[PDB]
Every structure is written in C-alpha cells, then in structure tokens.
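First structure 1, then structure 2: two forms of the same chain, each alone, as structure tokens.
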Structure 1
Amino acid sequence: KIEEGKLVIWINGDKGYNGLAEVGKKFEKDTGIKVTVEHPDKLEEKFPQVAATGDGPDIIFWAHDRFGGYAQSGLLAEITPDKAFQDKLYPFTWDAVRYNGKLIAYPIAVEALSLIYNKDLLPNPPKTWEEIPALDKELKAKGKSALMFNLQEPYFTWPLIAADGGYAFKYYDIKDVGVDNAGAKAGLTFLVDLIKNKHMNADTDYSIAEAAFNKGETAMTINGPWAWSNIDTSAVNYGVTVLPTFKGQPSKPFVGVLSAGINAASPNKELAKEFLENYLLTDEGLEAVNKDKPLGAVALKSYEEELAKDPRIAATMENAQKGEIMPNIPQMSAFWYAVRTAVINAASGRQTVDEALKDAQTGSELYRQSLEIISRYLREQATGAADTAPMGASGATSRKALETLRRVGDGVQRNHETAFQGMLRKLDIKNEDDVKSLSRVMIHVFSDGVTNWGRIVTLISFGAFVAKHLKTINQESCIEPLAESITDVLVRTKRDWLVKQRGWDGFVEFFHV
C-alpha cells in the first residue's frame, strides 16, 4: 500500500516543513529519489490509524512521547545506527527514543516551553504566576493584557499543573499517576481563577495567543522555539526567559525530543535511514530546518555547540532543566487525551477542578487498572489459585472490582458453558499466534449491541474460559497476552463510557448487593 522508490514524510504544521522540503530536494538532487513533506492536521492521531493497515508516511516526525505507543503496536522499524553515528548525538536524546531496549526513532531536537515577553510593554517579566493578576490590571488600564497562551492543548498548561507537585508517572511506575494530587489541583485552580477574574479567556487557542502577542496586544505568551520565526517577522521586541514560579516552585514544562520514526510497513527503510542519518542529521540539514522554524537544542552535538550561544536556547534549556523529559510509554496518549478534557472542562466551567482532575486520573489509570483486574481474574480462573501480591496503595477499587467480577462472573461462566465451549471449538486457540486473531472477533462482537457492565462481564468470562483451556494445553504463557487483548478491546472502544461510569468504582456500585 505504501509506494516504493519515493519518501513520504509527515511533520507537524508548527515545524519548519519548508526547510525539511529543501533537505528533501537535496536528497533528490543526489539520489533521484523524490521526497514529499506533508503536514496533515491531527497527524499524531492519524499515524497509528493508517500505519496499522500498512499505510501512511515512510517517516513520522513527532515528540518522542508518542513513539512507545507506535512501537508497542508494531508501527515502527527498529533503527540500528552504527556507534560512529550514535556518538554524533547527545546520549540523553537517544534515551528519549529507546523503548524496551530498542531505538525506535532518530532524535532531532530538545523542545521546552519558555515565557516569551514583549520587552517594550514589560521590560521586567514577572518571576511568579501570583503577580500576573495585578500585572494584568495594570496593562488593562493601557488597553493591553498580561498573558495569552493556548488553553486547548494541555502541553501549555502542564508546567503550572506540575509546579506544586502534579505529575504523570513517578520515576516509571505506571501505578503512580499524579494527575489529581493537591499540587495538580492548586495549579489548575490558579488557571481557572485567572479565567474567572477575566485575566484569560477559556477559548484562547494557538492562533489567538500567537496573533495577540505578535500584534503587541498581550505582553506575554508561552510557546516553544518553533514560534520565534513568526515573532521575528512581527517586529515585536521579545525576550525568552524562565517560566514564572508557582508557590515559590518552578514551572516544570514536559520536555519533548522531536523524533523521526520509520514506518514498519515502509518498503523504503534504507532510503529513510540514508535521508535521516546523512542528510537531515547534519550541520546543513538541521540549519535548513532551523532557519525556517527554530528546532530548539538540536540532538546533533556539532550544530548544538553553534546554537547554544543564543540566549533564547539558553532560556529553553533552563526551562528544560527545571522540567522533566516526557515518558514514551504507551499510556502517554491516554494521559494527554484525559488532561486535555480536564483543562478544557475546568476552564469553561463544564466541571469543577476536583471533578475534572478526578475524571483525568481515572482516564490515565484506566488501562493499567483494567489489565490488573482482568489478568488477575484470567490467571486465578486458569490455575485455581489467586495472586498473593498487594493490589497497590490506590488499588482498593482493583480488589473490590475483582471481588465483584468473581461473584458476578461465577454464574456467567456456568450459564454460558455450552455456548463458550462451542465458540472456543469454532476458533482454534492453540498458541500466541491464535490470540492475535481473537482481538478482531471480540472487537466485532463488542462492536454491535448495547454497552453495559453485563456484556463486559460476559467478555471477561469468555476470556477466563479461554485462559482455562490455554492452561490445560500447557500454553499458560498465552494468558497475559490474552488479558492484554481483552483489555485493549475494552479500553480502546469503551473509554468514554467507562470514564462516565467512574470506571471500576461504577462496576462495583452497579452490582453491589
């Protein structure tokens, strides 16, 4: 389905895609291979959908946080640069694109948000979030505003949520989610108060913040290096500086490494490797991209040493040091989807902060909590003995849901025994190969009919039935993969329903005696 003897590249519409296209033409001049650069909308959502059918671009550019999901789903080629090429880029940039001990992409550039301020309106930018309300009252008296930034993407609000102790995954313990802790609450409450007190507008997006800053209407924005080009063109006298503190603590931006992955379905992997290693990741390659839209602190040592004298890059790295490198684990997609919704709902008043972050903590934890319950149930059903290990400090839900599933699922296996035996005989489950096939079937069976807990119990009960069979034919090793597939089916297709029901607390409530 992907065309051979050509390279299609996807990169986000805020990056230097014209610069990338020049590196494309320089690859074409020397090889006669034509490089097409596209910047589709929602490309981080559209990559997994199309790559999963063997389609999409040869090369996908995004921050590293989305690459573990892609690698887990088999969408990316392992990359195997020799040691002489590895030594040309900073090791911590390689760490960002290492997943299960394999390099799954090429690192390009280190991205961190900074505070961007109009030196003509605000010769001394605030050191603290707390002084922005008073500052805004002062600028409003002159027909200006203190601060506008994109409230539609959680990335821009995360530094403030994280300042007083909010976090995604404790360092990575995916059992420890920091989305609804007191630190997160205090950060998002301060944001909502800025909106309530009319210092910010809940509808402000990328375009509105950018235009307001570049036209000199607002004294400050929050943005990455890519934004500096449009500000150069604007003639705004701007500075790039350390983010304001919150409760005396630094803002901690989530740090992204812009990364180039190679489609597993691509029949041009050697051309892609040749383009990325010998044309893009060179002094002339990165300069071409950088001149269009700044990359930040580039992964390439030679060229990073030239750019590091720029005070805007120094400020970028200063914000990077105070932030955290994002996790690349497959949970990150769901974490971002949850926190985006929480910030938008808290900002608009659809939900309170406590409500919004409660829903976001449930969404971020949903996968791991589902798998915990389902894997424990399938294993104990297969072996006749429960798992002895602790459920966690935050897993009282997990223990109650498993108790409910045991009580309710007891009957479902017994009543549907004849029908389960038939369906199992109608499939040929014999090894890990056959378990792959089940997902399509379960999806299709879960794709029609009504969404309720009874049907979820029926699905998991068939899972346990299969786990028992797997154990009988010495395929015990296939139980965890089966449990992952049932979890994947359940979470990927019913996420929004499950968050609505308060996830597994809902399940325990619905069948309470």
Structure 2
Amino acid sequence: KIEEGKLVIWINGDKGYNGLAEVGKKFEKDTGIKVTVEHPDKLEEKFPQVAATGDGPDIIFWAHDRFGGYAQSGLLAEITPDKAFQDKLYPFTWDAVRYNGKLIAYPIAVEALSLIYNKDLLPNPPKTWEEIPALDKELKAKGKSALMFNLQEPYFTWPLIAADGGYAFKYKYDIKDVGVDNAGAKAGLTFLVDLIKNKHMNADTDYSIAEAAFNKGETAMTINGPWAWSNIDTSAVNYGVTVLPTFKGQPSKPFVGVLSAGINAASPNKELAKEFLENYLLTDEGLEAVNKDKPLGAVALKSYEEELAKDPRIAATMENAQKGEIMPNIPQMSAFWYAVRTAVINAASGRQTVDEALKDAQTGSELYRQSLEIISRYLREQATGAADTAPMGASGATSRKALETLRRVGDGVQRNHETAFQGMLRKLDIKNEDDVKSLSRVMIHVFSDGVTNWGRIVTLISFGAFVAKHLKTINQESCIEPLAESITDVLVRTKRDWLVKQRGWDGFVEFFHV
C-alpha cells in the first residue's frame, strides 16, 4: 500500500512542519529520496485507522502518550538504535517511548504548558488561580480580560484538574485506580466552570480564539506550549513565560508530552526513516531547523538541549514539567482523553453538572478494564468449571453483580441457542493459536455489523464463553485471555458512547435485574 523509495511524514499543524520539510529537503540532497511532510487534521485519530490496513505515513509524530495504543495494535516497527545513538538523547526521553520493554519511537522534545502573560498589561502575573476573578474584574474596566486558553482540548485544563488530587492512573501505572471523579478533580473543574459562569472565560473559547486574543493584546494571559512562542514573537507582544498558578496552594500539574517519531510497521522504507530520524532530524542542525519554525521545548538531544537550556522560556517550561507528571503511554490513554474532553466541554457549556460529567468520565476511563475483568472471568470459569478466587478491586460490587447477572443470562443464551453455537463452532476450524486470531477477526465483523442493545452484547460474550469451553477441551487454555481481550476490545471500541449512556455495567445489572 505504502509506496517504496519515498518518506511520507505526519506531524501536527501547531508544530514546525516547514522546518521539518527543510530537513526533508537536505535528506533528498544526499539520497535522492523525496520527503513529503503532511499535517492532516485529527492525525492521532486517522493514524491508527489507516495503519491497521497497512496504509498511512512512514513516520508519525505525536506526543508519546498515544504510541502504546499504536504499539498494542502492532502499528509500529520496533526501533533499534545502537548505544552510541541512545547516549546522544536523555535516558528519561527514551523511557517515555518504551512499551513492553521495546523502544517504539524516537523521542524529539519535552513539552509542558506554561502560563504566558503580557508584561505591558500584567507586570507581575498571578501566583494563584484564586486571584484571577479579581484580576479579570480589574482588567475588564480597562477593556481587557485576564485569561483565555483553549477549553476544547482537556490537555489545557488538566493542570488545574490535577492540582488538588486529580489523576488519570495512580503510579508502574495502576489501570484499576482512576482519579478522574475524586474531590480534587471536582474542585479543579468546579473552579473552571465558576470562571465561565461568572463571565471571566467563555465555554466556546478554542485554540484559535485564545491565540488571536493574546497576540492582539486583548487578554493578559494564555496557557500554551513552546510551539506557540513563534506567533507571539511575530505579534511584538512583550510576553513572559512563567510557572502556572497554584490551586488551593497546590501547584498546577500539567501532563508532560515527549514529541516522538514512530515508524509505521507497514512501511517498505524503515531503513530510510531510521536514517532520516537518527542522522538528519536528531542532530544540532536538524532540530535547529524545526525549532526556528516552531519551538520544540526541551529537546531530547543533549548536545542541542545544552544550548537552549539557557533560555528562561525553556527554564519555565522545565519548571512546569517538574511540578507535573510525564504522561502514561498505556493503550487506555486514548479512552481517558476522550472521556475527559467530553466532561470538560459539557461542564463548561452547562449541558451536564461537574458531578454528572466527571462520573461519565470515570465510567469511560475505567470501562475497558471493568469490561475485561467481567468478560475474561466469565470465560475462564465457564471453561474450567471453577470461579476465580481473586478479588475484583475498585468498583468490585459492579464487577461481582455484572458477573452474577452474566452467569444467569449467559448460561440461558448458551443453553437455548446451543444448536447454532455448535453449528457455527463446527463451521470454523479452531485447532491452534493462529485459528483463534482468525475467530477474533470474524466476531469483530459480525458484532460491529448489527444494532446495539444488551441482548447482542450478552450474545457476543456468551459465544466467547462457548468457544472458551471448546478451547479448554483441545488443550488451548492459553488462547482464552486473548479471546477475552478481543471481545472486550470490539465491545468498548465500537459501543463506548452507548455503554457510558447506560451507566456501563450498572445499567447491565439493572436491565437484566429480576
């Protein structure tokens, strides 16, 4: 699918893509390979869809948080630099692109949100979120506003949500302990909604609108990354880059990104991508090219980071980096952000309350692990005759009642529909691991191509139980957890919005409740 003798690169449109294309041109110089840089809308969403069919770009650039998802789905080549090259980048930048002990990308640069302020409007920027309503009242009398930043991407609101005890996954990383709807997070997002309610911010404010307002000198402050600094430089606003305000005395905790370059597993040009990234981009000359288009932040390349470390804007970036936490790269990061995006937009717009909205985000962020636990437990106890002794952990009442419900309703389906199950199981030839990976592909297709309701969800999980019974029978128990993950995966990928609407597994318990 991907053309050979070429490199197609995706990078996000807020980055220095003209600069990366200049590195592209210098690679063409030496090698006669053309390099196309593109910056599609929603490339973090489009990359996994197209790569899954052996398509998309050779190289994708994104923050490291998405790359584990991509790696889990087998969409990235293992990268294998020598020690000599590894030692040119900071050990911690490598750690951000390590998934199941394999390097899955080249780290490029460390990114944290800072408070950006207009020195001519605000000589001393505020130290606390609490003083911003006063400062806004004061600035409005002079025809200005205190603060405008992008309220459409949860990334920009995360530092306030994290400040007083909000977290995605507790720290390796425990995917059973999600802190999206705890007191700390409610307080953070409540402060934001109050700012909006009291007219100190507008729910509809996005990246464009905030950027234009700061750069015309209408607002005294914005929250943004190093990529933003080029446009402000050009607007001749006298700006400073500082530490974010505290909330309830606690520092703002930004989620730190490492801009990372992955190589599509479907690429016929992997050697070229490695050569480009290792010997063209990740050089003093290579990164300088890009950094002049749009600043990268604290670059991963020690040699060039020593140069830029002297910049007080980088020093403030690093200061904000250390008050915050480096993002997880676990596959569930994608579901976490989709849930928290939706919570922030609906709290901001008043379509839900803070409590309603963060509850729905807690369900969304937990949904995959909650679903896997129930489904894999049902499959294993169906196959073996014996229930799993281990405790269900957090939200363990929901898992226990869902499993107990599924036992009654799933046994009923398997009993009544045994004919078609034996029939469909015989029509397929389950004999080995490779046959199991095939069966997954079919279920995904059959489930996906039909209406959403609890009966069809029980039927998918009940057929899985049926198949798990058989897999045990042919000494193939090892393939039962992969089968559970496949059923879990399609269920929460394709029916996420419906499951959150039904209050997830509590709705399942309620719907089939005697």
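Numbering runs along the sequence of structure 1, starting at 1. If you superpose the two forms and keep the largest set of C-alpha atoms that fall within 1.5 Å, you have the rigid core.
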| property | result |
| --- | --- |
| C-alpha displacement of 2 Å or more between the two structures on the rigid core, among 477, 472, 447, 49 | 447 |
| Core superposition result - C-alpha of residue 6, shift between the two structures, Å | 0.5 |
| Residue 438: CA movement between the two structures [superposed on rigid core, Å] | 2.3 |
| Cα displacement of residue 395 between the two structures, once the rigid core is superposed (Å) | 1.8 |
